[PDB]
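For reference, the structure is listed below as structure tokens.
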There are 4 protein chains.
Amino acid sequence: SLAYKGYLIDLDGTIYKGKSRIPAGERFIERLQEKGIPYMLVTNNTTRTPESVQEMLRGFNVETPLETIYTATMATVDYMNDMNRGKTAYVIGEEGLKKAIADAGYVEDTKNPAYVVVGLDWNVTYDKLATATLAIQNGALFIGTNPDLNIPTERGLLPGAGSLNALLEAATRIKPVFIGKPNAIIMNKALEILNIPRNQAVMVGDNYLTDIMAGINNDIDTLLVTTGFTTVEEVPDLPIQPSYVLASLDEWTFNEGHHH
Amino acid sequence: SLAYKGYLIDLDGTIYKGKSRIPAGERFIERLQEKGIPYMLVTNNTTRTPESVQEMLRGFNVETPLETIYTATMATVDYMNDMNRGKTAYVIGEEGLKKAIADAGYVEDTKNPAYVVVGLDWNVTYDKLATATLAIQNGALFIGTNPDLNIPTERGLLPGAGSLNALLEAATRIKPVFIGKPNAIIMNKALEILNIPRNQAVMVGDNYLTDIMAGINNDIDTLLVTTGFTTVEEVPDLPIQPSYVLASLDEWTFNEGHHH
Amino acid sequence: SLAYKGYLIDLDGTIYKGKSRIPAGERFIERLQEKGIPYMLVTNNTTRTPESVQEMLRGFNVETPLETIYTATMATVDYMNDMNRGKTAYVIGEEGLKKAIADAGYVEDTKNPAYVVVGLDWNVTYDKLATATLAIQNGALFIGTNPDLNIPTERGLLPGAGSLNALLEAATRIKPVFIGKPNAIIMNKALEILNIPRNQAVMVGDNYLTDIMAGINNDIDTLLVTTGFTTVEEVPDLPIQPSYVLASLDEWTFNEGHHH
Amino acid sequence: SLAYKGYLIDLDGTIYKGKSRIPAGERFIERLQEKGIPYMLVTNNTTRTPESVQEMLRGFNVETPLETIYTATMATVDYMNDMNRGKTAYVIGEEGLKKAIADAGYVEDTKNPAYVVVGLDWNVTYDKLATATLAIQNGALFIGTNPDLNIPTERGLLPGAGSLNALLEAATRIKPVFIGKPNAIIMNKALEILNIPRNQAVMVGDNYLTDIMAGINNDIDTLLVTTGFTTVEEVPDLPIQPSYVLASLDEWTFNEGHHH
Ligand code: NA
Ligand code: NA
Ligand code: NA
Ligand code: NA
């Protein structure tokens with residue numbers, strides 16, 4: 001009857017919601033901190049530095065150590081460093097991702113790069129896509145930062161990183177190695193930093209396809225909170241139920257545990 | 001032992017090859033004309049008017065009546081007119097396609113168009129893709145002009161119309177109605193203009209996935225000539241052999257026929 | 001303002017429903033007959049001879065000439081005869097399909113058949129699937145009779161012909177040529193027998209994915225009647241609306257027409 | 001310049017080949033043992049107990065502790081125990097898999113089982129497939145033991161577990177959680193038993209799509225030995241090269257390491 005010993009937690013839709021608060025999300029982090037329970041904040045977003053995420057969270061009454069924040073950009077860089085294929089890349093994405101990759105020592109090579117890395121680019125163009133296509137055809141290791149097919153905006157549900165990757169997969173017949181949730185690489189790396197065994201951890205989030213499938217596919221218990229992307233109405237028809245479903249994180253006691 | 005009574009024929013790779021001649025292709029049309037055998041020239045290209053195709057072919061010693069030329073742009077417009085969903089559209093593509101659609105009376109509606117039509121756009125942008133995504137989500141009838149995943153260029157095999165459509169299918173979960181070869185709509189419409197029964201026609205081309213599958217999927221005999229996209233080396237491993245495989249159209253006698 | 005000149009019409013779910021009547025379906029055929037309007041009854045079912053369909057329909061007060069009935073089995077045989085690849089086949093399916101193929105002169109070849117043909121087999125086995133896999137790998141022309149993923153039964157929605165084909169596509173990497181609705185081959189052949197131009201015909205049925213997509217994908221107007229597979233509640237969320245949606249075929253006047 | 005500290009190693013195609021020896025594979029294990037380097041033998045096969053694998057390996061001059069053997073059956077049971085959805089299952093597979101699941105306390109429930117588990121069944125039938133389909137539709141957690149599309153036999157490349165899963169995915173629209181290589185679950189669990197950090201481990205095998213993609217997708221260095229499924233000729237066209245490619249395991253020194 002041991003309680004969970006560590007937490008992996010989504011941000012947008014869970015701890016805050018766009019520009020709006022989720023006060024129970026703020027209290028969830030507050031309570032983790034008061035109890036001394038380790039956690040990681042795990043996001044597919046590739047546009048912010050961890051410093052920027054940390055500062056943004058202060059506006060929602062969350063003061064979290066820098067080292068608790070783990071983004072798909074960090075995991076992408078970490079994977080590139082591990083695979084050790086060479087310090088050249090061609091990148092499609094926002095400045096945050098491009099700067100992280102360049103800061104890690106990867107220099108732009110538009111023709112024979114070791115890596116082609118593709119995240120959301122709000123200003124993607126045919127020519128960027130053609131450049132990536134040829135580079136992939138020429139043998140670069142093709143990485144997608146995150147598989148999300150859409151990104152919610154004030155305009156509506158626009159194409160996400162996963163849709164841009166879909167164009168290149170169609171054009172090259174090469175499937176990208178996707179780093180972000182629900183895939184293994186970001187989960188393994190976040191678990192490593194958490195330094196708690198997988199069977200003592202819980203993944204907490206609002207998004208069934210990224211957060212909850214992250215737990216199902218990687219064998220980690222799951223807490224779905226219905227404050228974000230996955231609506232209350234959608235829960236009954238989920239093919240695989242999460243370990244827990246909550247309307248508010250205030251319902252969580254921290255006494256919950258695996259097989260407990 | 002009746003010879004084929006009509007021909008459906010690809011252009012680039014078959015009658016000419018980019019800026020270069022295929023002299024036996026020119027002689028194939030010459031011989032059709034001398035024998036009085038009806039034919040259509042059927043292309044997935046969406047960037048030229050039939051007038052432009054006709055003029056271009058003169059440079060390769062081919063003088064063909066305007067009415068022999070049938071492009072994926074024409075078939076797209078014809079399909080839109082038939083389906084009669086309304087005279088509004090949002091189009092991704094080159095000027096040739098956009099002008100044809102506007103000339104047909106479709107006015108641009110970026111929000112609630114009856115149709116979203118997607119062909120190759122050498123200058124596609126995130127914002128054009130986002131606009132199409134929302135319009136499709138809002139209920140527009142989503143049409144792809146042609147399914148080709150790539151387009152050959154001097155640079156290499158770049159993303160084609162089919163790859164741009166792939167991004168939108170990923171972002172919307174809606175599969176486009178593809179008009180161009182090897183799909184039925186362009187084939188039915190070309191056959192209609194040809195005015196010869198399907199079982200008395202042959203589809204002639206260089207490209208297995210567009211021309212030869214056009215015949216296999218639509219039940220029309222096929223002549224593969226290995227002067228273009230599908231190489232001589234690839235022929236043995238084709239999953240379904242064409243009705244005929246030729247190294248040069250000069251080998252064709254016009255005495256060939258169905259079950260003959 | 002010309003009325004439609006010919007009809008293509010689904011059976012189960014439209015003219016009758018399993019063992020139960022749809023009286024307005026019976027009256028639809030009665031009215032067609034009284035008005036002298038040509039029609040075809042077009043079904044993906046591969047288990048009955050057209051004689052058997054004709055006799056069964058008598059129990060639902062429908063007396064229809066034998067030549068009005070066109071099944072996926074007939075269209076499969078017709079396609080095999082047209083493609084003229086040789087009088088050998090390996091077949092997965094029920095006795096009705098196997099007998100039709102043998103009656104057409106195709107002899108069983110388990111190793112090097114010209115054709116592999118796959119429909120629903122209520123008693124499919126690993127060994128039949130392995131036999132078909134090897135035969136396809138060896139170069140046989142792989143045909144699926146109909147693409148339906150499921151078949152409704154008293155037990156529930158069981159795997160259909162399309163699901164059996166899916167196993168073989170996975171095992172061989174070869175996609176079958178699917179004959180049945182909504183694909184072109186059965187539609188072209190039914191239209192040929194109907195002998196009415198495509199733009200003067202309407203496809204009538206209860207099943208969006210087979211009957212209504214048959215019209216959308218092949219450019220034929222569509223009448224969805226909500227007495228069968230596609231429910232009234234599902235209509236608003238259809239990606240492409242049918243030309244007409246009716247709760248009962250009694251609402252149809254026969255004065256309806258294309259662009260009319 | 002630290003050498004790898006642990007090994008994950010495929011069996012058939014790597015340590016032996018069907019009924020035939022790979023003597024350098026036997027010497028690879030001998031050398032690991034002499035050097036005291038920990039290893040796991042990781043296989044997608046679901047038909048043998050680890051005792052049976054251990055006995056079989058003795059015939060190839062390999063004496064390995066029982067605890068070094070980790071199969072897709074073990075990992076499937078482990079995952080079912082972890083997910084803790086209930087002690088009922090419906091299983092498609094061979095007796096080895098069925099016995100392991102029953103030994104773990106899962107009782108057969110053909111209607112409302114907590115789990116549906118699908119591996120290769122040499123005698124699969126329509127009725128077993130229909131039973132699984134309904135059980136999945138009814139909400140069971142659908143698990144595929146291993147994703148391999150084919151299984152090599154004396155007859156040829158027959159349908160594998162992944163192809164049987166493909167039928168059920170088509171019939172249900174539910175994708176299985178695949179346990180076996182190259183998926184994360186079997187890799188994480190083997191790594192756990194190995195008790196060596198991921199970045200100090202190497203995955204060794206003959207099969208690009210299962211063993212080498214296991215390393216690429218899960219961020220573990222890879223040794224491809226060309227004695228089995230992936231041929232020497234196929235190596236140049238691999239989309240992502242392994243960390244090492246060897247013609248014989250005799251070329252490996254055990255001085256090789258990560259970034260070393
Ligand atoms: Na979220
Ligand atoms: Na061509
Ligand atoms: Na029906
Ligand atoms: Na192997």
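All heavy atoms count here, side chains included; hydrogens, waters and symmetry mates do not. So that the names make sense, note that chain A is the first sequence line, chain B the second, and so on, each numbered from 1.
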Sorted by number, residues from residues 85-105 of chain A in contact with chain B (heavy atoms, under 4.5 Å) | none
Relative to chain B, which of A:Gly162, A:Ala166, A:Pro159, A:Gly156 shows the most heavy atom pairs under 4.5 Å?
-> A:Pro159
Within residues 116-135 of chain A, contacts to chain B at heavy-atom distances under 4.5 Å involve A:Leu120, A:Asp121, A:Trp122, A:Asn123, A:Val124, A:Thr125, A:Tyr126, A:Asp127, A:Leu129, A:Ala130, A:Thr131, A:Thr133, A:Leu134
Interface residues of residues 145-153 of chain A facing chain B - heavy atom cut-off under 4.5 Å = A:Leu149, A:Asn150, A:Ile151
Contact residues of residues 167-180 of chain A (partner chain B; heavy-atom separation under 4.5 angstrom) | A:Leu167, A:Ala170, A:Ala171, A:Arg173
Hey, is CZ on B:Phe229 packed in by over 12 heavy atoms from elsewhere, all under 6.0 Å?
-> no
